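A.B. asks: Quick one: the structure is below, and I'll ask about it shortly.
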Amino acid sequence: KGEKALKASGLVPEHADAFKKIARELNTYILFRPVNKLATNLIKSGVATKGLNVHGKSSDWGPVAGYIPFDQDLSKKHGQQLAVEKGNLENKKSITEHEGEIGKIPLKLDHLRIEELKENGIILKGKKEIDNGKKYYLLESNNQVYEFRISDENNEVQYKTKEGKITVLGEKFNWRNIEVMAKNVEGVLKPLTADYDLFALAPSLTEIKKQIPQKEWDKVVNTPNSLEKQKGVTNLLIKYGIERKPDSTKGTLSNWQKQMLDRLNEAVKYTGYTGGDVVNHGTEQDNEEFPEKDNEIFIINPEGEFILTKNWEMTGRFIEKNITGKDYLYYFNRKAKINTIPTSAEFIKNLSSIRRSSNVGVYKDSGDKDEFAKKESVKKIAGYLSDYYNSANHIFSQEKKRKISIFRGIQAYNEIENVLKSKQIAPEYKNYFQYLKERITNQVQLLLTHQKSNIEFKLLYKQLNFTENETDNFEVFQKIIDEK
């Protein structure tokens, strides 16, 4: 937190000041994932950010790294040489996937990066041998097994391993240029560096009132009881935010999220960033290739405070206290899962990920009555896990979101118990359902003990019996929970 936030985060300071300017002019409470200072100097130099095109991110070492490489030894597979062939294959399909707009331009080198990285002990002051017939600035890298040779007189990088050592790889790569990816912004090609990353946003209710047309907000003026407000915010979210297009250009967003991110990101056009959108993809919850546990997040408010958190459970504490605990909606990109679980889209993603290795189970590759019956059960299960995050009923206190979340979770639990009266299923999907039922009972119990009323869980499961209606049983749920 503070200037320690911006230095242990690793971002541009004047980008943060431009974000403060556009936040003071727009009033949106966005978040940021920290990107290191190895690529940040190249953001200040002029080469802009990548998108969601290559998902093997750049290393945390290397004076020539920061850009996404074709040979992924300059990526996170450092020393794990059996995966560098799959890295070359994945960057072959990353090249051949985004064709039409991509070119082949290498890194634009500078002498200033290696003098600003003198702290690694890059130059050994021993013998000065003229290798390859050229006056070379002799550098010794972080290790002896591979040297990352930046050129001195060539615009292209002349990186080449030594001609007297042997490794376990065997592919002594020649003095070629680096093969990093490209993107055509306003006609001129540009290399791609480590992209900036965000987490969420929580805009003010008058900004949503002025960004969504006025009829939906003259609806808000005549809302006496909270169930009609629940219906209004839910069908607003259905007619606006369910159109999540799975894309690989700018990130899995909606329309208004994209245009407000563009209006929040255009503030660097007069500061020194020649690209505009400094974040060209979604989050890491929106990057579905590898689930990265984000250890710390960067907090940006329109008031002007710089907070970088420490712990992940404390990050969820900050979210549920500042975002959800007050009158602000939690517009996040949608045994140890206490409060925030992977959402309904991630639920279907986990379902497919277990489905790819499980041949049989609950329902198989056919269309019978139990098959499509448990298919409609799991689509309404996904609907209930989606409506579990009904974080827009914040007109009264957080207890209202608590009781609505418990109502949706108990509907989900009754759906799970409706599913388990079927045929003899495979043990993979069986203990999948066991983990889901244990997680949902522990979540509903630890929310019930947090909120009110000291009731058991099985008591609330036994007293609640809903068959074909949910606007009547919310009254008996309110009669049990409230009005003691």
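Ligands are numbered from 1 in the order shown, residues from 1 within each chain, and chains are lettered A, B, ... in the order they appear in the structure tokens.
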May I have the residues within 10 Å of residue 249 of chain A as a PDB file with N, CA and C atoms, in the first residue's frame, using only C-alpha atoms and disregarding those fewer than 4 positions away in the same chain?
C.D. replies:
```
ATOM      1  N   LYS A  50       0.618  -6.835 -25.390  1.00  0.00           N
ATOM      2  CA  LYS A  50      -0.004  -7.923 -26.129  1.00  0.00           C
ATOM      3  C   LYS A  50      -1.486  -8.006 -25.775  1.00  0.00           C
ATOM      4  N   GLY A  51      -2.194  -8.943 -26.400  1.00  0.00           N
ATOM      5  CA  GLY A  51      -3.580  -9.184 -26.048  1.00  0.00           C
ATOM      6  C   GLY A  51      -3.787 -10.525 -25.372  1.00  0.00           C
ATOM      7  N   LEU A  52      -4.797 -11.270 -25.814  1.00  0.00           N
ATOM      8  CA  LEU A  52      -5.045 -12.632 -25.352  1.00  0.00           C
ATOM      9  C   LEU A  52      -4.591 -13.613 -26.435  1.00  0.00           C
ATOM     10  N   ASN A  53      -3.500 -13.269 -27.118  1.00  0.00           N
ATOM     11  CA  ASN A  53      -3.049 -14.046 -28.265  1.00  0.00           C
ATOM     12  C   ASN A  53      -2.074 -15.156 -27.885  1.00  0.00           C
ATOM     13  N   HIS A  98      -3.762 -16.113 -35.379  1.00  0.00           N
ATOM     14  CA  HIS A  98      -4.125 -14.704 -35.481  1.00  0.00           C
ATOM     15  C   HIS A  98      -3.653 -14.070 -36.784  1.00  0.00           C
ATOM     16  N   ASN A 280      -5.201  -5.219 -22.917  1.00  0.00           N
ATOM     17  CA  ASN A 280      -5.839  -5.728 -24.124  1.00  0.00           C
ATOM     18  C   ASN A 280      -6.403  -7.133 -23.950  1.00  0.00           C
ATOM     19  N   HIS A 281      -6.516  -7.622 -22.717  1.00  0.00           N
ATOM     20  CA  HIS A 281      -7.219  -8.871 -22.456  1.00  0.00           C
ATOM     21  C   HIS A 281      -7.966  -8.748 -21.136  1.00  0.00           C
ATOM     22  N   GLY A 282      -8.614  -9.840 -20.738  1.00  0.00           N
ATOM     23  CA  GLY A 282      -9.429  -9.857 -19.538  1.00  0.00           C
ATOM     24  C   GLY A 282      -8.622 -10.010 -18.266  1.00  0.00           C
TER      25      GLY A 282
END
```
A.B. asks: List the neighbours of residue 349 of chain A out to 12 Å using only C-alpha atoms; skip same-chain residues closer than 3 positions along the sequence, and give me the result as number ranges by chain.
C.D. replies: A: 285-286, 288-289, 291, 334, 342-346, 352-356, 382
A.B. asks: Could you name the residues that touch segment 82-94 of chain A at 9 Å or less, counting only C-alpha atoms, but leaving out those on the same chain fewer than 6 positions away, as a list in words?
C.D. replies: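 Neighbouring residues, sequence-local ones excluded: residues 53, 54, 56, 69, 70, 71, 72, 73, 75, 169 and 181 of chain A.
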A.B. asks: For residue 11 of chain A, which of A:308, A:184, A:397, A:206 is the closest residue, counting only C-alpha atoms?
C.D. replies: A:308
A.B. asks: Could the residues of segment 53-86 of chain A that have an atom at most 10 Å from segment 105-117 of chain A be listed as a tab-separated table, each with its closest atom pair and the distance in Å to one decimal, counting only C-alpha atoms and ordered by chain and ascending residue number?
C.D. replies:
```
residue	atom	partner	partner_atom	distance
A:62	CA	A:117	CA	9.5
A:63	CA	A:114	CA	6.4
A:64	CA	A:109	CA	8.1
A:65	CA	A:107	CA	9.1
A:66	CA	A:107	CA	9.6
A:67	CA	A:107	CA	7.4
A:68	CA	A:107	CA	9.8
A:69	CA	A:106	CA	9.5
```
A.B. asks: Go ahead and save the residues from that selection, with N, CA and C atoms, as a PDB file, in the first residue's frame.
C.D. replies:
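Once written, result26.pdb looks like this:
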```
ATOM      1  N   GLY A  62      16.044 -12.383 -17.425  1.00  0.00           N
ATOM      2  CA  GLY A  62      16.445 -12.116 -18.785  1.00  0.00           C
ATOM      3  C   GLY A  62      16.415 -10.648 -19.158  1.00  0.00           C
ATOM      4  N   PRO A  63      17.559 -10.116 -19.601  1.00  0.00           N
ATOM      5  CA  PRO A  63      17.575  -8.746 -20.137  1.00  0.00           C
ATOM      6  C   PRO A  63      16.937  -8.620 -21.510  1.00  0.00           C
ATOM      7  N   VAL A  64      16.739  -9.727 -22.225  1.00  0.00           N
ATOM      8  CA  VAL A  64      16.084  -9.714 -23.527  1.00  0.00           C
ATOM      9  C   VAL A  64      14.663 -10.264 -23.453  1.00  0.00           C
ATOM     10  N   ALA A  65      14.193 -10.614 -22.259  1.00  0.00           N
ATOM     11  CA  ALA A  65      12.843 -11.116 -22.087  1.00  0.00           C
ATOM     12  C   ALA A  65      11.888  -9.962 -21.791  1.00  0.00           C
ATOM     13  N   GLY A  66      10.637 -10.302 -21.494  1.00  0.00           N
ATOM     14  CA  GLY A  66       9.591  -9.307 -21.374  1.00  0.00           C
ATOM     15  C   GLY A  66       8.616  -9.435 -22.523  1.00  0.00           C
ATOM     16  N   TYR A  67       9.132  -9.825 -23.682  1.00  0.00           N
ATOM     17  CA  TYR A  67       8.316 -10.131 -24.844  1.00  0.00           C
ATOM     18  C   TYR A  67       8.034 -11.629 -24.906  1.00  0.00           C
ATOM     19  N   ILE A  68       6.930 -11.974 -25.561  1.00  0.00           N
ATOM     20  CA  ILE A  68       6.510 -13.365 -25.731  1.00  0.00           C
ATOM     21  C   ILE A  68       7.336 -14.039 -26.826  1.00  0.00           C
ATOM     22  N   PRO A  69       8.088 -15.104 -26.505  1.00  0.00           N
ATOM     23  CA  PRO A  69       8.984 -15.705 -27.500  1.00  0.00           C
ATOM     24  C   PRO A  69       8.372 -16.874 -28.248  1.00  0.00           C
TER      25      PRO A  69
END
```
A.B. asks: Suppose you want the space between atom CA of residue 163 of chain A and atom CA of residue 125 of chain A; what is it in Å?
C.D. replies: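 Interatomic distance here is 20.3 Å.
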